[PDB]
Amino acid sequence: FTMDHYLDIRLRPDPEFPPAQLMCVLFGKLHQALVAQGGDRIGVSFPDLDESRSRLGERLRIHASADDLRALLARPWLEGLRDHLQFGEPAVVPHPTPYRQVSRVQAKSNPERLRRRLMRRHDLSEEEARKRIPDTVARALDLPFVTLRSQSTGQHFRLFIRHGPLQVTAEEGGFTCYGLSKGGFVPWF
RNA sequence: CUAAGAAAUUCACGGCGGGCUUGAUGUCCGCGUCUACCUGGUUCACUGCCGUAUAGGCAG
């Protein structure tokens, strides 16, 4: 109810990639721009999120402090995207901000990794380890994912993140490693 | 509400003996394929990590 400094990031189109690859590379610029930058009370907000469309966002809405956003505008590590996307300026926030939920949460929709560690620890067989794990223990989470196709697996992958409910009261807290919610809400407008 | 309505084909068996198909040959001449392109499908709604219970620092 006190962090009223926003830092928006408008996404323009480019012919060499869609918005999903720009959201993945900008996701790397956030994991290395915040995790390799510093500042716990700096979060991000995705305003084009839709759980029925599998989208991530059509315009970034950053939320930081006064100097937490006043010193990130002149970032030479924020270059490159100045030619690919567009920027803005600082603007005030309204009084009643709705308490929304946006953060990262990893789900375990695969029993093959726990079947590998369970084959190295439990000593399961083919039919005993294959039958000790039922088919209903795995599930695909249809949230807004990001194809973070980095140098761990060569093919395209998905993204996992869990959001929170909507509310009106303010409950602030410390941001996560990617500028999300982990016990503290964020405004959504 | 039908050219309506109904129905046991059964049993058995030795095909078998013999043969010379041969002789001879020219497939020939000629030919313009060519211009243009973003694979990033997800070459698996994903691949290995504290709990065989959904909680994660992952190479993402």
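- Determination of this PDB entry was carried out by cryo-EM to a resolution of 3.4 Å, according to the record.

**Topic: the overall build of chain A**
Step number 1: When helices and strands are tallied, chain A shows five helices and five strands.
Step number 2: Across chain A, helices and strands are ordered from the amino to the carboxyl terminus as β-α-β-β-α-α-β-α-α-β.
Step number 3: Over its C-alpha atoms, taken along the principal directions, chain A stretches across nearly 60 × 40 × 30 Å.
Step number 4: For chain A, the share of sequence-separated contacts (at least 6 apart) that also reach a separation of at least 24 residues comes to 71%.

**Quick word on the UniProt feature "active site" in chain A**
Step number 1: The feature "active site", as given by UniProt, occupies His-31 in the numbering adopted here.
Step number 2: If you trace the backbone, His-31 turns up in helix α1 (residues 19-31).

**Topic: the sheet that holds strand β2 (residues 43-45)**
Step number 1: Within the open sheet, the three strands sit side by side as β1-β3-β2. Their pairing is antiparallel. At either end of the open sheet lies a strand with only one pairing partner, and these are β1 (5-10) and β2. Ignoring which end each strand starts from, the neighbouring axes of this sheet average 25° apart.
Step number 2: Across six bridges, the pairing between β1 and strand β3 (residues 59-64) is antiparallel. Bridged to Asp-8 within β3 is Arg-61.

**Describing the pairing of β3**
Step number 1: As defined by bridge partners, β2 adjoins β3 across three bridges and the pair is classed as antiparallel. In the sheet register, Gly-43 faces β3, and the bridge partner there is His-63.

**Things to note about unusual backbone geometry**
Step number 1: Phi at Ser-54 takes a positive value of approximately 70°, unusual for a residue other than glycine.
Step number 2: Among the structural elements, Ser-54 can be located in the loop between β2 and β3.
Step number 3: For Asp-123, which is not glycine, the phi dihedral falls at a positive 65°.
Step number 4: Relative to the assigned elements, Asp-123 resides in the loop between α4 (113-121) and α5 (126-132).

What counts as what
All residue numbers given refer to positions from 1 along each chain's written sequence rather than to the entry's numbering, and residues for which no coordinates exist are omitted. Lettering of chains starts at A and numbering of ligands starts at 1, both following the order in which they are written. Values throughout apply to the part shown, which belongs to a larger assembly of chains. Hydrogens and water are ignored here; the side-chain numbers use all heavy atoms of the structure. Residues with missing side-chain atoms are left out of burial classes, side-chain pairs and their counts. The helix count covers DSSP runs of H or I at least four residues long, the strand count covers runs of E at least two residues long, and both are numbered beginning at the N terminus. Residue contacts follow a heavy-atom distance rule, with two residues in contact if any of their heavy atoms lie within 4.5 Å. UniProt positions are given in the numbering used here, feature names are shortened, and annotations may be inferred rather than shown by experiment. In short, DSSP must find at least two bridges between two strands for them to pair. Orientation is described by lines fitted to C-alpha atoms, with helices fitted over the stretch in contact, and by angles between N-to-C directions that extend from 0 to 180 degrees.

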